[PDB]
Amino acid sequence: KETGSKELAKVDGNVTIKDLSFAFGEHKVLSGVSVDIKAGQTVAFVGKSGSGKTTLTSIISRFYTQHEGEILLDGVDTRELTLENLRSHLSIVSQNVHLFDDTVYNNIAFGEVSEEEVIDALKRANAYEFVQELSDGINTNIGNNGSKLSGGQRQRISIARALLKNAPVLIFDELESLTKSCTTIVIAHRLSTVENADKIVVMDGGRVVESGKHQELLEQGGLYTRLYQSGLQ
């Protein structure tokens, strides 16, 4: 049993977050977050460490469940979808994506691609450089949770997978290849990402305090200005 039974066949990529709240015990880490992301936009989430950014993105994949509010995918509450369906519409790029104790190839293929299709993606992801050096190349086992790979290597494997999956929604913990041609929710750490984002959502203590484009936000001389000046970490 799961909360949802709906299997959306074709998803455009509109994501609606409304009145979203979450807490770890008595520590409220998200409070009434509301953001509407239209299909194809790149929305950058910024804020000091601990502002709730990672937790928000995890909630989208249902790695945690919100205490209040909703996440809609093309207007359908994500909890009404099967988890397999929901995740079929999402690509996650981070250092913490779950990897199977299996080969590089099978980790990329899971969820039908040729070996040359996978090699081509590894290169574009700049991942083939370490994968070549592996004992069995693309057929090398990467260990429990990809433990034979360090964080940056694991992220590059997630990129290769995203290049192939062509998911309508990309959740990226921080390329122009994907980011542009799908809906991108990016936890931004590069100045270039916020400078070019369609919308920036500024978080502070789990709350959205500012929202807009770089030029207007920078001029406001507020939290975003301070975050941009300090290098988004």
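The first residue of the sequence shown is number 1, and the count goes up from there.
Where coordinates are absent for parts of the deposited sequence, a chain break appears; between neighbours residue 111 and residue 112 it spans 1 to 3 residues. The modelled chain breaks after residue 174 and resumes at residue 175, leaving 10 or more residues of the deposited sequence without coordinates.
Two stretches are in play, 158-166 and 136-144, and the higher mean C-alpha B-factor belongs to 136-144. The PDB entry reports B-factors from which the mean C-alpha value can be compared for 177-185 and 22-30; the larger average falls on 177-185.
Across 90, 73, 81, 127, the entry's maximum B-factor at the CA atom is seen for 127. Sort the chain's modelled residues by C-alpha temperature factor and residue 215 lands in the middle third, per the entry. Ranked within its chain, residue 104 lands in the middle third, by CA B factor from the PDB record.
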